[PDB]
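For reference, the structure discussed in these notes is given below.
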Amino acid sequence: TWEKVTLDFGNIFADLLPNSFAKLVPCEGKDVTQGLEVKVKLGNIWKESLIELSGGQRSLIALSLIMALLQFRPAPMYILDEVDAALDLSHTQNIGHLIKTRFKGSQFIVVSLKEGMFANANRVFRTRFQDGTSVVXXXXXXXX
Amino acid sequence: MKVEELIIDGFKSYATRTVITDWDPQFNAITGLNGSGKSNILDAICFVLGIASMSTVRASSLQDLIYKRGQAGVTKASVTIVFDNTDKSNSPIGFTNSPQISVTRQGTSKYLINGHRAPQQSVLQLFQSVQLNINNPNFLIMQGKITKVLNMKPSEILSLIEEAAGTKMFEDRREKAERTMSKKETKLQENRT
């Protein structure tokens with residue numbers, strides 16, 4: 001199990017975030033069983049952790065870990081909470097590209113936090129609105 | 001295990017009166033100027049299942065799930081759902097001859113099994129045809145607001161999440177219970193000897 005999650009962490013971090021892959025390295029001179037950390041990288045440069053990352057690039061590694069956890073029990077339905085504020089629209093379009101080329105079979109939708117965003121997918125639900133729920137006797141002689 | 005259509009109603013502060021279709025397996029985005037009509041059916045599923053981790057659904061009375069409980073036009077907690085079983089893997093034994101189903105639930109006294117008065121179990125079947133197992137947070141419902149909670153997580157919780165595929169704590173607790181039981185029962189066996 002730990003071998004599988006370690007070999008999956010690399011490609012999972014490499015595909016979503018371009019040119020930056022990591023490995024489930026133990027924290028401080030130990031084994032993955034009794035301790036494990038992450039060495040987050042900022043694209044081309046190789047840094048120690050995600051503290052130097054932006055909010056969008058932090059939510060990217062967050063959703064990558066979420067997908068790594070969900071891949072054990074897959075489900076064709078994804079929801080993202082409109083976290084494209086710190087990120088860029090082109091980066092979210094590239095994320096959608098990587099989703100449709102890697103996460104085939106997963107309905108991707110967004111909950112409305114900041115209206116007028118996330119037009120990266122082919123089909124999109126428009127705005128038609130009225131009142132209540134969202135929509136587009138001699139024996140002894142012989143013996144003795 | 002794919003949703004086909006969602007024509008629901010009966011909620012307070014959102015936007016009814018149309019049906020959504022073409023739920024493709026890959027891409028159905030969300031973009032609009034009014035947030036009241038983008039993704040509120042997820043919020044409807046929140047009160048359908050009753051996820052108590054967020055406060056935007058839990059209140060004093062559950063009657064807030066209806067469209068103003070009747071003082072706005074809709075009194076019955078109406079929800080209509082037509083679900084088709086695209087695959088035969090999510091259909092249990094005895095449900096092969098029922099790929100398509102149409103369930104309506106209310107008249108908020110009792111729910112309707114396909115239009116017959118019955119308890120609130122109907123809504124379960126109303127979401128059963130898309131393998132939406134309401135017991136676990138998995139099975140297409142969501143992972144949820146934990147998106148904003150998993151920040152700054154130490155190594156122990158990550159190891160717990162990785163071992164959640166095996167749940168060694170569960171088997172360890174079961175083995176501890178088995179050990180206590182076997183101790184008591186071996187004492188009983190010594191008494192029997």
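Each chain in the structure tokens gets a letter, A, B and so on, in the order shown; residues start at 1 in every chain, and ligands are counted from 1 in the order they appear.
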
Once you count only C-alpha atoms, which residues of chain B turn out to be within 8 Å of chain A? Could you give them as a CSV table (one decimal) with N, CA and C atoms, in the first residue's frame?
chain,number,residue,atom,x,y,z
B,2,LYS,N,-25.2,6.8,-13.8
B,2,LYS,CA,-25.1,8.2,-14.4
B,2,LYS,C,-26.4,8.9,-14.3
B,8,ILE,N,-36.2,19.3,-9.8
B,8,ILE,CA,-36.6,19.4,-8.4
B,8,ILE,C,-37.1,20.8,-8.2
B,9,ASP,N,-37.8,20.9,-7.0
B,9,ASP,CA,-38.4,22.2,-6.6
B,9,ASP,C,-38.5,22.2,-5.1
B,10,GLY,N,-39.2,23.2,-4.5
B,10,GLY,CA,-39.4,23.2,-3.1
B,10,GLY,C,-38.2,23.6,-2.2
B,11,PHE,N,-37.7,24.8,-2.4
B,11,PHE,CA,-36.7,25.3,-1.5
B,11,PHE,C,-36.8,26.8,-1.5
B,12,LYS,N,-36.2,27.5,-0.5
B,12,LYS,CA,-36.5,28.8,-0.1
B,12,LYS,C,-35.9,29.9,-1.1
B,13,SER,N,-34.6,30.0,-1.1
B,13,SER,CA,-33.9,31.2,-1.6
B,13,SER,C,-33.0,30.9,-2.9
B,14,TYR,N,-33.6,30.2,-3.8
B,14,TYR,CA,-32.9,29.7,-5.1
B,14,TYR,C,-33.9,29.8,-6.2
B,15,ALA,N,-33.6,29.1,-7.3
B,15,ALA,CA,-34.3,29.5,-8.6
B,15,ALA,C,-34.8,28.2,-9.3
B,16,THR,N,-36.1,27.9,-9.2
B,16,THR,CA,-36.7,26.7,-9.8
B,16,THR,C,-37.2,27.0,-11.2
B,17,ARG,N,-38.1,26.1,-11.7
B,17,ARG,CA,-38.9,26.3,-12.9
B,17,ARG,C,-38.2,26.0,-14.2
B,18,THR,N,-37.2,25.1,-14.2
B,18,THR,CA,-36.7,24.5,-15.4
B,18,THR,C,-36.0,23.2,-15.1
B,19,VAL,N,-35.8,22.4,-16.1
B,19,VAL,CA,-35.1,21.1,-15.9
B,19,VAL,C,-33.7,21.2,-16.6
B,20,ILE,N,-32.7,20.5,-16.0
B,20,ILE,CA,-31.4,20.4,-16.5
B,20,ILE,C,-31.3,19.0,-17.2
B,23,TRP,N,-26.4,15.5,-18.9
B,23,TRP,CA,-25.4,15.3,-17.8
B,23,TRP,C,-24.3,14.4,-18.4
B,24,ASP,N,-23.5,14.9,-19.2
B,24,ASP,CA,-22.4,14.1,-19.8
B,24,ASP,C,-21.4,13.7,-18.7
B,25,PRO,N,-20.7,12.6,-19.0
B,25,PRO,CA,-19.8,12.0,-17.9
B,25,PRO,C,-18.6,12.9,-17.6
B,26,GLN,N,-18.3,13.9,-18.4
B,26,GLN,CA,-17.0,14.6,-18.3
B,26,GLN,C,-17.2,16.0,-17.9
B,27,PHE,N,-17.9,16.8,-18.7
B,27,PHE,CA,-17.8,18.3,-18.6
B,27,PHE,C,-19.2,18.9,-18.7
B,28,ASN,N,-19.6,19.5,-17.5
B,28,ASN,CA,-20.8,20.4,-17.4
B,28,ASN,C,-20.4,21.5,-16.5
B,29,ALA,N,-19.9,22.6,-17.0
B,29,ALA,CA,-19.4,23.7,-16.3
B,29,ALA,C,-20.5,24.5,-15.6
B,30,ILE,N,-20.1,25.6,-14.9
B,30,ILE,CA,-21.0,26.5,-14.2
B,30,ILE,C,-20.5,27.9,-14.4
B,31,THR,N,-21.3,28.7,-15.1
B,31,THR,CA,-20.9,30.1,-15.3
B,31,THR,C,-22.2,30.9,-15.5
B,32,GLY,N,-22.3,32.0,-14.7
B,32,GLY,CA,-23.4,32.9,-14.7
B,32,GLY,C,-23.2,34.1,-13.8
B,33,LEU,N,-24.1,35.1,-14.0
B,33,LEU,CA,-24.1,36.3,-13.3
B,33,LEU,C,-24.8,36.2,-12.0
B,34,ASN,N,-25.8,35.3,-11.8
B,34,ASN,CA,-26.6,35.1,-10.6
B,34,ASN,C,-26.2,33.7,-10.0
B,35,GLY,N,-25.7,33.8,-8.8
B,35,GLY,CA,-25.4,32.6,-8.1
B,35,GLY,C,-26.6,31.8,-7.6
B,36,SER,N,-27.7,32.4,-7.6
B,36,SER,CA,-28.9,31.7,-7.1
B,36,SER,C,-29.4,30.6,-7.9
B,37,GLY,N,-28.8,30.4,-9.1
B,37,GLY,CA,-29.3,29.4,-10.0
B,37,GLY,C,-28.1,28.6,-10.7
B,38,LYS,N,-27.1,28.2,-9.9
B,38,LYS,CA,-25.9,27.6,-10.5
B,38,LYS,C,-25.8,26.1,-10.0
B,39,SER,N,-25.6,25.9,-8.7
B,39,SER,CA,-25.3,24.6,-8.2
B,39,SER,C,-26.1,24.3,-6.9
B,40,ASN,N,-27.4,24.7,-6.8
B,40,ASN,CA,-28.1,24.6,-5.6
B,40,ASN,C,-28.7,23.2,-5.4
B,41,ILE,N,-28.7,22.4,-6.4
B,41,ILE,CA,-29.2,21.0,-6.3
B,41,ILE,C,-28.3,20.2,-5.4
B,44,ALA,N,-29.6,20.9,-2.1
B,44,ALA,CA,-30.7,20.1,-1.9
B,44,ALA,C,-30.3,18.7,-1.4
B,67,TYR,N,-40.2,25.3,0.2
B,67,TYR,CA,-40.2,26.7,-0.3
B,67,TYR,C,-41.0,27.6,0.6
B,138,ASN,N,-18.4,9.0,0.3
B,138,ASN,CA,-18.0,8.6,-1.1
B,138,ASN,C,-19.3,8.3,-1.9
B,139,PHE,N,-19.1,7.7,-3.0
B,139,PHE,CA,-20.2,7.3,-3.9
B,139,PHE,C,-20.9,8.5,-4.5
B,140,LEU,N,-20.1,9.4,-5.1
B,140,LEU,CA,-20.5,10.5,-5.9
B,140,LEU,C,-21.1,11.7,-5.2
B,141,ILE,N,-21.3,11.7,-3.9
B,141,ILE,CA,-21.9,12.8,-3.2
B,141,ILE,C,-21.0,14.0,-3.2
B,142,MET,N,-19.9,13.9,-2.4
B,142,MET,CA,-18.7,14.8,-2.5
B,142,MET,C,-17.7,14.5,-1.5
B,143,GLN,N,-16.5,15.1,-1.6
B,143,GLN,CA,-15.6,15.1,-0.4
B,143,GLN,C,-15.9,16.3,0.5
B,147,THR,N,-12.1,20.6,1.7
B,147,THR,CA,-11.2,21.3,0.9
B,147,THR,C,-10.5,22.4,1.6
B,150,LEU,N,-8.1,20.8,5.1
B,150,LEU,CA,-6.9,20.0,5.0
B,150,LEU,C,-5.7,20.8,4.8
B,151,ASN,N,-5.7,22.1,5.1
B,151,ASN,CA,-4.5,22.9,5.0
B,151,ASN,C,-3.8,22.8,6.4
B,155,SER,N,2.0,15.0,9.8
B,155,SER,CA,2.3,13.7,9.1
B,155,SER,C,1.4,12.6,9.6
B,156,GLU,N,0.9,12.7,10.9
B,156,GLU,CA,0.1,11.6,11.4
B,156,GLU,C,-1.3,11.5,10.8
B,158,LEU,N,-1.9,12.5,7.7
B,158,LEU,CA,-1.7,11.9,6.4
B,158,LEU,C,-1.5,10.4,6.4
B,159,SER,N,-0.7,9.9,7.4
B,159,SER,CA,-0.6,8.5,7.5
B,159,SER,C,-2.0,7.8,7.8
B,161,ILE,N,-4.9,9.0,6.8
B,161,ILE,CA,-5.6,9.0,5.5
B,161,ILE,C,-5.1,7.9,4.6
B,162,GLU,N,-3.8,7.7,4.5
B,162,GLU,CA,-3.3,6.6,3.7
B,162,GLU,C,-3.7,5.3,4.1
B,165,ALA,N,-7.3,3.2,3.6
B,165,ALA,CA,-7.6,2.2,2.6
B,165,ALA,C,-7.6,0.8,3.3

Excluding same-chain residues fewer than 4 positions from residue 21 in chain A, what lies within 6 Å of it counting only C-alpha atoms, as an MDAnalysis selection string?
-> chainID A and resid 10 13:14

Can I get the selection written as a short mmCIF file (atom, residue, chain, number, x, y, z; two decimals), in the first residue's frame, with C-alpha atoms?
data_model
loop_
_atom_site.label_atom_id
_atom_site.label_comp_id
_atom_site.auth_asym_id
_atom_site.auth_seq_id
_atom_site.Cartn_x
_atom_site.Cartn_y
_atom_site.Cartn_z
CA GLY A 10 4.78 11.40 -8.19
CA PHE A 13 1.68 15.84 -8.61
CA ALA A 14 3.42 15.87 -12.01
#

List every residue of range 9-123 of chain A that DSSP, applied to the backbone, labels as alpha helix (DSSP H), and write the result as a compact mmCIF listing (two decimals) with C-alpha atoms, in the first residue's frame.
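And here's states-v8.txt as it stands now:
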# COMPACT_ATOMS: atom_id res chain seq x y z
CA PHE A 9 2.10 10.60 -5.61
CA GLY A 10 4.78 11.40 -8.19
CA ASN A 11 2.61 11.18 -11.29
CA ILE A 12 -0.36 12.75 -9.49
CA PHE A 13 1.68 15.84 -8.61
CA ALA A 14 3.42 15.87 -12.01
CA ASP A 15 0.34 15.76 -14.25
CA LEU A 16 -1.80 18.41 -12.54
CA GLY A 55 -3.35 30.33 -2.95
CA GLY A 56 -4.35 28.86 -6.30
CA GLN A 57 -1.27 26.65 -6.52
CA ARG A 58 -1.98 25.53 -2.94
CA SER A 59 -5.58 24.61 -3.78
CA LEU A 60 -4.12 22.72 -6.76
CA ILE A 61 -2.05 20.45 -4.52
CA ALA A 62 -5.06 20.22 -2.19
CA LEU A 63 -7.27 18.88 -4.98
CA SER A 64 -4.45 16.60 -6.15
CA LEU A 65 -4.32 15.04 -2.68
CA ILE A 66 -8.13 14.84 -2.71
CA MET A 67 -8.01 12.93 -6.00
CA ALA A 68 -5.23 10.70 -4.65
CA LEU A 69 -7.49 9.80 -1.72
CA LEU A 70 -10.59 9.37 -3.91
CA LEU A 89 -8.31 31.38 -15.94
CA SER A 90 -5.75 29.84 -18.31
CA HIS A 91 -4.36 27.69 -15.49
CA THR A 92 -7.89 26.47 -14.73
CA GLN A 93 -8.42 25.73 -18.43
CA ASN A 94 -5.21 23.67 -18.41
CA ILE A 95 -6.44 21.92 -15.25
CA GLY A 96 -9.67 21.05 -17.05
CA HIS A 97 -7.64 19.77 -20.00
CA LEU A 98 -5.63 17.50 -17.69
CA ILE A 99 -8.90 16.38 -16.08
CA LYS A 100 -10.52 15.38 -19.37
CA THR A 101 -7.32 13.62 -20.47
CA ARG A 102 -6.74 11.83 -17.13

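The coordinates place CA of residue 6 in chain A at 29.0 Å from CA of residue 86 in chain A.
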
Could you state the separation of CA of residue 126 in chain B and CA of residue 48 in chain B in Å, given to one decimal place?
->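 Here the two named atoms are 10.1 Å from each other.
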
Just the residues within 7 Å of residue 40 in chain A, please, counting only C-alpha atoms, with nothing from its chain fewer than 4 positions along; format it as a VMD selection string.
-> chain A and resid 22 47 to 50

Residue neighbourhood residue 106 in chain B, 9 Å, only C-alpha atoms, exclusion window fewer than 5 positions, as a ChimeraX atom specification = /B:76-80,111-112

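For chain A, a DSSP pass over the backbone yields strand (DSSP E or B) at residues 77, 78, 79, 80, 107, 108, 109, 110, 123, 124, 125, 130 and 131 of chain A.
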
Using only C-alpha atoms, which of A:54, A:20, A:44, A:71 sits nearest residue 83 in chain A?
->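 Nearest to residue 83 in chain A: A:54.
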
Record the distance separating CA of residue 95 in chain B and CA of residue 118 in chain B, expressed in Å with one decimal.
->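 Here the two named atoms are 20.0 Å from each other.
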